[PDB]
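**Student:** What follows is a structure written as structure tokens; I'll ask about it next.
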Amino acid sequence: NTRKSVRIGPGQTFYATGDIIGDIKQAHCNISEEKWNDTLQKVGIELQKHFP
Amino acid sequence: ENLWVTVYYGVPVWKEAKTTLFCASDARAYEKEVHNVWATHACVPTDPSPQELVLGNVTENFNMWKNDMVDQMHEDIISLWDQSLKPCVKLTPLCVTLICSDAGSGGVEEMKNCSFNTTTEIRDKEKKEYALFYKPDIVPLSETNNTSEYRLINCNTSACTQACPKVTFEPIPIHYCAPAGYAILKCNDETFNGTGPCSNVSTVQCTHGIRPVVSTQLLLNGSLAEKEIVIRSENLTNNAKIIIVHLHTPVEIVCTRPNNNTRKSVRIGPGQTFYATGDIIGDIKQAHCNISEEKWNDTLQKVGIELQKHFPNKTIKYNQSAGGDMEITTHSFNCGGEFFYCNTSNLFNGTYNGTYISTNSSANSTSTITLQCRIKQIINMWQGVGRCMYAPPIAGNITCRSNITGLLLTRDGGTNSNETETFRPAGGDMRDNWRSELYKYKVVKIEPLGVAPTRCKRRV
Amino acid sequence: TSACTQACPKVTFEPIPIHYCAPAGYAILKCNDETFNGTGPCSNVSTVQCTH
Amino acid sequence: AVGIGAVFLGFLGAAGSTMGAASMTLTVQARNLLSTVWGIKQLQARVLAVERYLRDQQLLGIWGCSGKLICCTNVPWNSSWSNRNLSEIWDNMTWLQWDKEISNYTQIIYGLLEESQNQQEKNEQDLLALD
Amino acid sequence: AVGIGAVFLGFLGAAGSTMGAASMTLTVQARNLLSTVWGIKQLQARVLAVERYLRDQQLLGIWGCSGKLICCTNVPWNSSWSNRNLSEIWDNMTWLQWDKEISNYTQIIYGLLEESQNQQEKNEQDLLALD
Amino acid sequence: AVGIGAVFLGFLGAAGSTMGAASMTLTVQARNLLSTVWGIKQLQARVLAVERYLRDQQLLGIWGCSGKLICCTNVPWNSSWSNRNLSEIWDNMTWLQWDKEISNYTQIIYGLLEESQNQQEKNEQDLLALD
Ligand SMILES: *[C@@H]1O[C@H](CO)[C@@H](O[C@@H]2O[C@H](CO)[C@@H](O[C@@H]3O[C@H](CO[C@H]4O[C@H](CO)[C@@H](O)[C@H](O)[C@@H]4O)[C@@H](O)[C@H](O[C@H]4O[C@H](CO)[C@@H](O)[C@H](O)[C@@H]4O)[C@@H]3O)[C@H](O)[C@H]2NC(C)=O)[C@H](O)[C@H]1NC(C)=O
Ligand SMILES: *[C@@H]1O[C@H](CO)[C@@H](O[C@@H]2O[C@H](CO)[C@@H](O)[C@H](O)[C@H]2NC(C)=O)[C@H](O)[C@H]1NC(C)=O
Ligand SMILES: *[C@@H]1O[C@H](CO)[C@@H](O)[C@H](O)[C@H]1NC(C)=O
Ligand SMILES: *[C@@H]1O[C@H](CO)[C@@H](O)[C@H](O)[C@H]1NC(C)=O
Ligand SMILES: *[C@@H]1O[C@H](CO)[C@@H](O)[C@H](O)[C@H]1NC(C)=O
Ligand SMILES: *[C@@H]1O[C@H](CO)[C@@H](O)[C@H](O)[C@H]1NC(C)=O
Ligand SMILES: *[C@@H]1O[C@H](CO)[C@@H](O)[C@H](O)[C@H]1NC(C)=O
Ligand SMILES: *[C@@H]1O[C@H](CO)[C@@H](O)[C@H](O)[C@H]1NC(C)=O
Ligand SMILES: *[C@@H]1O[C@H](CO)[C@@H](O)[C@H](O)[C@H]1NC(C)=O
Ligand SMILES: *[C@@H]1O[C@H](CO)[C@@H](O)[C@H](O)[C@H]1NC(C)=O
Ligand SMILES: *[C@@H]1O[C@H](CO)[C@@H](O)[C@H](O)[C@H]1NC(C)=O
Ligand SMILES: *[C@@H]1O[C@H](CO)[C@@H](O)[C@H](O)[C@H]1NC(C)=O
Ligand SMILES: *[C@@H]1O[C@H](CO)[C@@H](O)[C@H](O)[C@H]1NC(C)=O
Ligand SMILES: *[C@@H]1O[C@H](CO)[C@@H](O)[C@H](O)[C@H]1NC(C)=O
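Chains as they are written, first to last, in our numbering: chain A, 45 to 96; chain B, 2 to 461; chain C, 39 to 90; chain D, -19 to 111; chain E, -19 to 111; chain F, -19 to 111.
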């Protein structure tokens, strides 16, 4: 929800979190499976040069 | 018979440039203590022989409204005002509620009493104190119709910083020298309207005495014109450009005050002390500014006959400013250390119709014009600097024996088929003041190299 | 009257000796008369770049 | 026209006279190229003056004109830069109009002078190595 | 190194060539040697750049070799510093490894140049006093 | 004067002596001028040092005798500045009281030297363009 303006002192207001409207879900990040898998495979085949 | 390139070093040519300029002040302001106004600790002492040279065939193109010196002076004065308020008392603990009543049994009616609860030097204990605050500095802090709870106007936007009562706001004149390799030209023409060619360009290594006064209307102490009224403006077609009038003869102005008792020392925190107004011994009278009547009348008539050149068959009228807060529509200035905000409804109440009216009376000079002034203490001049300076009060009566040199009019938006164009006063930013003063000068860059062909072939 | 700033317990007040040196283009005149009372002419004037 | 009376011209004093009387006045105009919020505006100006004077002195000293004022080079003057007479240039103008008509054609001139200076130094080294 | 035309490369763009062909690329490439707390750091950088340039100019001016780029003197070159042929030096060698091979024997050369200039100035004063 | 030999001090050791031992000492004197709250003074000393050195070299370079340490010039010596004999000047006094006697007329002498140098270079350009 909107930052809630809480005024403290002369003109030194700070903005804290107000409510949460709607349902509450979880923050997350999304990476594809195939691209990450063959990227790690390519990192493996270029790290295989330094280790016999 | 052939031509060869020949290099000359010391060629007098110019390009336009922007640079950083000096400060030069007179030697009498250095013999006192440190931190008097701004110039004791900073500016170089100028030599008492300014060398001015007149150039023979030189014609140059000046531009008053396209200048870097005005912007540089504005930035320097903003930085100086922000620097001078750094080691001063920050009155944060004065945000408490003020219990205010009337000043007495039919007493002042302009200054409230406003006794408050303050912090002493020991943060465990508190002591009851009092002052006398002005009416424009107090707002009625109340969620209901309560006439006893008040607060200051400054504890709502951003703090304060009380001005240190050992520096003075006296406008000492400052010169602007140019760096080495740079020159400052100066147009000595008489009919110079601000923009256009000049036929008498001169050489000045460091400009004349510029007094940095602060005023909204009615430009105070400064350089006059030379032979007639000169009117400076940018376009004279749109009604958003501040037309500047440069007077030829000054008109005397004097302003006064009643007698405060003393500044009251109230201690807050570990060693900080803000000074506030104590009693007002004697009677309670008004602060007013006095202008002579006949001199203002024929000065305004001469401005009319010089402004009728640009408008051929139209009458000239004047009225008040176009509404708003007291910091814009009133003639405001600062001398004696106490700020004034004076009404100007009697000065600009008149008209001109193209027919001259003589004033052949020398014994009628007793008649004059009085202006009802108001005095503030919390000061909000310049936006973006921390404009909450608290001006401390001063003990005795004050007098303002001053001098006027200009006006800042503004044309009103005319209606259809009108012949009664009215001119209203207007204030605005300080670039109008410092461009009315710095209209002559222009900074250039010297390029000494230069090639030219001749018959000189270098011997091998 | 004022407010203290407590001296932070890592600096020392030991008087380390310093030499005052003139810039390049200036010289410091030093008088080597043993009976010099402070004011008056000297006779064994020596020129040194920096003080003792 | 060496007699000006009081010799105080200050970068500008002969900026209106003709070029014949403006080549006699180079010394008084070349003499003056060197000589807290306001404690730093004084100190930046000295540094920029020293920078500009050093740049001008280096650029003069690249193509052989070490300390001379009226110095002469052996770069042939192209006719596609002026297309005017010699006496018309030296009599009917001052330096300001010439700077206005030369300002597009300066970098080619500077490159030609520096190339001719390199050729002169190489030929001088070869001539001194001949002996 | 003369058909470049548009010279904007500095000393950066000509190294690695032979020093016979790298001695004609000096003029604009040496013209490129000059062109709160951040302001003090920048102004210190400007001051040290000016001081370095004037130290180089003073070093050229001490041993009578100022105002010239290719500037050759009469100090006898000791064979122990190089011990190699001139044709190899000026045809099959660059400036970088010459600087690597000469950096241990610079102060003796500088002192010899200063002494030779002092002797030449004494001879010049003697020739002035003779006439 | 010149027979000191081991000269690492320099400075102003010939002060208070005869001009005959103070004019021929310049061949061996040479020059040694450029031989937080304490970081703002290093900068100011460095700027005033480089400004003084550049001012001295510019004043030596306007009247066209750069890097010579003795300049014979053909400005005629007016009798109103000395009114006296040459031999007692060169064999009786020191430089300090001579500076005290001559400091009222330094600017006129400097202007005469600048005018004579400009006349010399204009005559040199004319004579070298006759051919
Ligand atoms: C436009 O131009 C006018 C004309 O110059 C200016 O008006 C002057 O304003 C200044 C201050 O702004 C006035 O100076 C003050 O004068 C007071 C009265 O002076 C009389 O009394 C003293 C003895 O006390 C006599 O020596 C003097 O000759 C007068 O007879 C003084 O009391 C003031 O003193 C204050 O300052 C000093 C030093 O800073 C302190 O030591 C004091 O404690 C005190 O704080 C001050 O000197 C001056 O008198 C005005 N001139 C005239 C002719 O009246 C305008 O300011 C100027 N600008 C504007 C915007 O209008
Ligand atoms: C403002 O109010 C204060 C407090 O009521 C007044 O101070 C009092 O003055 C009387 C004299 O009339 C004293 O007897 C009291 O002791 C004072 N009270 C204090 C010091 O707390 C003050 O006079 C009022 N202001 C004016 C201008 O009258
Ligand atoms: C200040 O005065 C007294 C003493 O501390 C106290 O009782 C009172 O509540 C305070 N506040 C006001 C507004 O008077
Ligand atoms: C107090 O500040 C707010 C903005 O923060 C403003 O809207 C309001 O008008 C101010 N109060 C007064 C009395 O001006
Ligand atoms: C130019 O201005 C100067 C200022 O003193 C004046 O003396 C001179 O006469 C003016 N020039 C002309 C042509 O009037
Ligand atoms: C401002 O001046 C220009 C130039 O004369 C003109 O073209 C323009 O119309 C003017 N502006 C207005 C609003 O008339
Ligand atoms: C001045 O402005 C006011 C504001 O509306 C207007 O009523 C009046 O007619 C104008 N002119 C005069 C002469 O007062
Ligand atoms: C000025 O005076 C006029 C009439 O005297 C009055 O109507 C007006 O309210 C006053 N104040 C302002 C700010 O105009
Ligand atoms: C303006 O002038 C007229 C005529 O002198 C006068 O009647 C009037 O009272 C003045 N003041 C105002 C506010 O109109
Ligand atoms: C007001 O102060 C001035 C000082 O300039 C003084 O001359 C005048 O007498 C004072 N007024 C009264 C009523 O004393
Ligand atoms: C204002 O005019 C008066 C009248 O001549 C004069 O005495 C005074 O010096 C002028 N003010 C200034 C600041 O020059
Ligand atoms: C002058 O000082 C030097 C410094 O070592 C000393 O050797 C000499 O004896 C002194 N002369 C007199 C007369 O004191
Ligand atoms: C200005 O022009 C006139 C007209 O040719 C000329 O006689 C005069 O010498 C010029 N001024 C200067 C200072 O050269
Ligand atoms: C006094 O000065 C003269 C220079 O004329 C010098 O030869 C002599 O040695 C000096 N006296 C002493 C005691 O050093």
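A virtual CB, placed ideally from N, CA and C, is assigned to each residue, including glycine.
Can you tell which of B/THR119, B/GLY105 and B/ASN335 has its C-alpha closest to the C-alpha of B/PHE170?
**Tutor:** With distances taken between Cα atoms, B/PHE170 lies closest to B/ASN335.
**Student:** So what's D/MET(-1) in DSSP terms, helix, strand or just coil?
**Tutor:** Of the three classes helix, strand and coil, the one that applies to D/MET(-1) here is helix, per DSSP.
**Student:** Can you name the residues of chain E whose CB is closer than 9 Å to the CB of D/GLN24?
**Tutor:** Ordered by position in chain E, the residues that pass the 9 Å Cβ test against D/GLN24 are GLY19 and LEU23.
**Student:** Closer than 8 Å, Cβ to any Cβ of chain F: which residues of the stretch 26 to 57 of chain D, in chain order?
**Tutor:** Answer in chain order: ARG26, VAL27, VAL30, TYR33, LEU34, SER46, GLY47, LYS48, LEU49, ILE50 and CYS52.
**Student:** Name, please, each residue of chain C whose Cβ falls closer than 9 Å to the Cβ of residue 478 of chain B.
**Tutor:** It is not possible to answer for residue 478 of chain B, since the shown part of chain B is limited to 2 through 461.
**Student:** Could you give the DSSP three-state label for B/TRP15: helix, strand or coil?
**Tutor:** Strand.
**Student:** Please find out if some non-hydrogen atom of ligand 5 comes closer than 6 Å to the beta-carbon of B/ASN189.
**Tutor:** Yes; taking the cut-off as 6 Å, the Cβ of B/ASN189 has a heavy atom of ligand 5 nearer than that.
**Student:** Measuring CB atoms only, is the stretch 89 to 106 of chain E touching the stretch 43 to 54 of chain E, in the sense that at least three cross pairs come out at less than 8 Å?
**Tutor:** Because the criterion of three Cβ pairs below 8 Å is met, the stretch 89 to 106 of chain E and the stretch 43 to 54 of chain E touch.
**Student:** Against B/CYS44, what residues of chain A qualify as contacts under a CB-to-CB distance less than 8 Å, listed in chain order?
**Tutor:** Per Cβ cutoff of 8 Å: no residues; B/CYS44 is ~35 Å from chain A at best.
**Student:** When Cβ atoms are compared, which residues of the stretch 95 to 109 of chain F fall closer than 9 Å to chain D?
**Tutor:** For the stretch 95 to 109 of chain F, which is checked against every Cβ of chain D, the residues closer than 9 Å are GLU95, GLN97, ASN98, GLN99, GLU101, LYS102, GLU104, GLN105, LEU108 and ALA109.
**Student:** Name the chain F residues that come within less than 9 Å of residue 520 of chain B, Cβ to Cβ?
**Tutor:** Beyond the ends of chain B as shown, which are 2 and 461, falls residue 520 of chain B; an answer cannot be given.
**Student:** Could you work out which residues of chain B lie near D/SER15, taking near to mean beta carbons separated by less than 9 Å?
**Tutor:** What D/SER15 touches in chain B: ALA181.
**Student:** Regarding E/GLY47 and ligand 13, is the C-beta to nearest heavy atom distance less than 6 Å?
**Tutor:** E/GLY47 Cβ: outside cutoff for every heavy atom of ligand 13.
**Student:** Could you check if C/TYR58 belongs to the surroundings of ligand 2, using beta carbon to heavy atom distance under 6 Å?
**Tutor:** No, the Cβ of C/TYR58 stays beyond 6 Å of every heavy atom of ligand 2.
**Student:** In chain order, what residues have a CB nearer than 7 Å to some heavy atom of ligand 10?
**Tutor:** Cβ-based neighbours of ligand 10 within the cut-off: B/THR257, B/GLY397, B/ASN398, B/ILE399 and B/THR400.
**Student:** Within its chain, find whatever has a CB closer than 6 Å to the CB of B/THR263; leave out the 5 residues flanking it on each side and keep chain order.
**Tutor:** Counting only Cβ-Cβ distances below 6 Å, and skipping sequence neighbours, we find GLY279 and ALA396.
**Student:** Considering only residues of the same chain and omitting the five flanking positions on each side of B/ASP326, which have a CB-CB separation below 8 Å?
**Tutor:** Nothing meets the Cβ criterion.
**Student:** Please report the straight-line C-alpha distance between D/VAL30 and B/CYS178, rounded to a whole angstrom.
**Tutor:** Near 17 Å, if we compare the C-alpha coordinates of B/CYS178 and D/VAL30.
**Student:** Should B/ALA132 be labelled buried (16 or more other beta-carbon atoms within 10 Å of its own) or exposed?
**Tutor:** So B/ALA132 ends up on the buried side.
**Student:** Does the beta-carbon of B/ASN157, which I'm using as the reference point, lie nearer than 6 Å to any heavy atom of ligand 4?
**Tutor:** Yes, Cβ of B/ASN157 sits closer than 6 Å to a heavy atom of ligand 4.
**Student:** Going along the chain, which unbroken runs of the alpha helix (DSSP H) with 4 or more residues stay wholly within the stretch -13 to 53 of chain E?
**Tutor:** Listed in chain order, the complete alpha helix (DSSP H) runs (minimum 4 residues) inside the stretch -13 to 53 of chain E are 7 to 11 and 18 to 42.
**Student:** Assign B/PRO454 to buried or exposed, taking buried as 16 or more other Cβ atoms, counted over all protein chains shown, within 10 Å of its Cβ.
**Tutor:** It counts as buried.
**Student:** When the Cα of B/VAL14 is compared with those of D/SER83, D/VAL55, D/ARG26 and D/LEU28, which residue comes out closest?
**Tutor:** That would be D/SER83, whose Cα lies nearest to the Cα of B/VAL14.
**Student:** Compare the C-beta of B/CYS343 with all C-beta atoms of chain A and state if any pair is closer than 7 Å.
**Tutor:** No - not a single Cβ of chain A is within 7 Å of the one on B/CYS343.
**Student:** Do the CB positions of B/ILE379 and B/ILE154 come within less than 7 Å of each other?
**Tutor:** Their beta carbons are under 7 Å apart, which means B/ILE379 touches B/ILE154 by this criterion.
**Student:** Select from B/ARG432, B/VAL90 and B/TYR342 the residue whose C-alpha is nearest the C-alpha of B/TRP383.
**Tutor:** That would be B/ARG432, whose Cα lies nearest to the Cα of B/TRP383.
**Student:** Per DSSP, C/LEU67 is paired with what?
**Tutor:** For C/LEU67, which the question treats as bridged, DSSP gives the partners C/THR85.
**Student:** Whose C-beta lies closer than 7 Å to the C-beta of F/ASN12 among residues of the same chain, with five residues either side of it excluded?
**Tutor:** Within the same chain, F/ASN12 has close Cβ partners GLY(-10) and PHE(-9).
**Student:** For F/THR16, go through chain E and note every residue whose CB falls closer than 8 Å to its CB, in chain order.
**Tutor:** Going along chain E, no residue has its Cβ under 8 Å from F/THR16, so there is no contact; the nearest lies around 11 Å.
**Student:** Determine the burial state of D/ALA25: buried for a count of at least 16 other Cβ atoms within 10 Å of its Cβ, exposed for fewer.
**Tutor:** Label assigned to D/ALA25: buried.
**Student:** For a contact defined as C-beta to C-beta under 7 Å, what are the partners of B/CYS96 on chain A?
**Tutor:** The contacting residues are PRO54.
**Student:** Comparing C-alpha positions only, which one of B/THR98, B/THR204 and B/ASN58 sits nearest to B/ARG152?
**Tutor:** Here the closest residue by C-alpha is B/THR98.
**Student:** Since F/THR53 and F/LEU93 should fall inside the 8 Å C-beta cutoff, what is the C-beta to C-beta distance between them, to a whole number of angstroms?
**Tutor:** Confirmed, about 6 Å.
**Student:** Within 10 Å of its beta-carbon, does B/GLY11 have 16 or more other beta-carbons around it, so buried, or fewer, so exposed?
**Tutor:** Counting Cβ neighbours within 10 Å, B/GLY11 comes out buried, since at least 16 surround it.
**Student:** Going along the chain, which residues of its own chain have a beta-carbon closer than 6 Å to the beta-carbon of B/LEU408, five neighbours each way excluded?
**Tutor:** Excluding residues within five positions, the ones whose Cβ falls inside 6 Å are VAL246.
**Student:** Just to confirm, does B/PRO251 get its C-beta within under 6 Å of one of the non-hydrogen atoms of ligand 11?
**Tutor:** Yes.
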